[PDB]
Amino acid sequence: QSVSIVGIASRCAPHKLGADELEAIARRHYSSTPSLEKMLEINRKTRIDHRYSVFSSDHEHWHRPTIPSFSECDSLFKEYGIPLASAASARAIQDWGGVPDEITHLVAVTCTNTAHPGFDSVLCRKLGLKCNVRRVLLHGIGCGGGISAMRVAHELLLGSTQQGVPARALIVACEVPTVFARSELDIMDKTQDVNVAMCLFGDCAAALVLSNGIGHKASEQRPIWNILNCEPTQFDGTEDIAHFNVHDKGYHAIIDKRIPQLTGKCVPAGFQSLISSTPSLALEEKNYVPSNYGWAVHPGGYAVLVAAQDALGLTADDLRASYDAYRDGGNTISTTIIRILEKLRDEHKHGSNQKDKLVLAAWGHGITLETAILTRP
């Protein structure tokens, strides 16, 4: 038997935050300073063609004279983020074709909200999940969160397979980083520390439905991929390579310059560990060649993709869906890997030919690479 992905959907926010838009927001509230000018200059070189915010150009978020309080940042996530998550979740359930009250597990993730109850609880009510649905809300993982959620759900579902009962997991990732855009601009102006987070991140929610294959119903979509194995690797390191630190007005991002370098060193090691821990693949030497797999890589930044591409012996065309998600959507944190799976799914529906095995990889906090291997059924 095996655990499979049986539904996929994503929903970026609706309002463009292009380079012109960001410049207009920045110069509205701050005088020219060298950090402001460097940030804007870098912004135009990200090679992101589109990213999106839940806040339209005329929204008060971009015009108010004050920085949103943390409580306001919370309310904004509830007002804009949760509906985005409910839509993406509903669409994934629709793709799956099954019924909401037959979902047994909910695995949710965000790094742009902290609340008690968490947004997973709200989602249960909005989607009409059963009263005994088994919820998990992941924290502390950041961009590794999409793969982290798949890893957890994969094992939970194997646990139900152990008991011989049906299990269907909804994975939901919800990120609204533009909520913190005003705070980050203000910090960058005050410290004159250039923050490339201003340039990279956008708003999105995405979801998967996974099944353990027990008690399959005719209404359910057959397996898109099977999940064979997931393997995280935490690498040695003084401090993390990215931080998202709490403060009075929300979270502040610290993005280390060394990320592309470290990506080049660690991704091949991560991949090697993934294969060696996969009993059905660990023995044969050919399984340790990256080009024998399709690839999906979390595009933390353009240079991050380049670094992985070169280190893995791949071509940019191998990573086409990863570049495409980055180019149209930007870095949407935990949701990005799901947007890439959707792109890959959609391309296969259009006669495209892809490898039989597919590796997912993404950096998560604690210098930890999350990886997964998926197989075509």
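Each residue number is its position in the shown sequence, starting from 1.
**OP:** Identify the stretch, either 264-272 or 113-121, whose C-alpha atoms have the larger mean B-factor according to the entry.
**Re:** Per the PDB record, 264-272.
**OP:** Identify the stretch, either 315-323 or 347-355, whose C-alpha atoms have the larger mean B-factor according to the entry.
**Re:** That would be 347-355.
**OP:** Using the temperature factors in the entry, find which of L36, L341, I333, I48 has the highest value at its Cα atom.
**Re:** That would be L36.
Subject >> Peak C-alpha temperature factor (PDB record), options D203, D95, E79, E285 >> reply: Largest recorded C-alpha B-factor: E285.
Original post:
Relative to the other modelled residues in the chain, which third contains the C-alpha temperature factor of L40: lowest, middle or highest?
Top reply: For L40, the deposited C-alpha B-factor lands in the highest third.
Original post:
Lowest, middle or highest third: where is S4 by C-alpha B factor in its chain?
Top reply: Middle third - that is where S4 ends up once the chain's C-alpha B-factors are sorted.
**OP:** Using the B-factor values recorded in the entry, state whether the Cα atom of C12 falls in the lowest, middle or highest third among the modelled residues of its chain.
**Re:** Within its chain, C12 is a middle-third residue by C-alpha B-factor, going by the deposited values.
**OP:** Could you say whether, by C-alpha temperature factor, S56 belongs to the lowest, middle or highest third of its chain?
**Re:** Middle third - that is where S56 ends up once the chain's C-alpha B-factors are sorted.
Original post:
Which third of the chain holds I103 when residues are ordered by C-alpha B factor: lowest, middle or highest?
Top reply: For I103, whose C-alpha B-factor we compare with every modelled residue in the chain, the answer is the lowest third.
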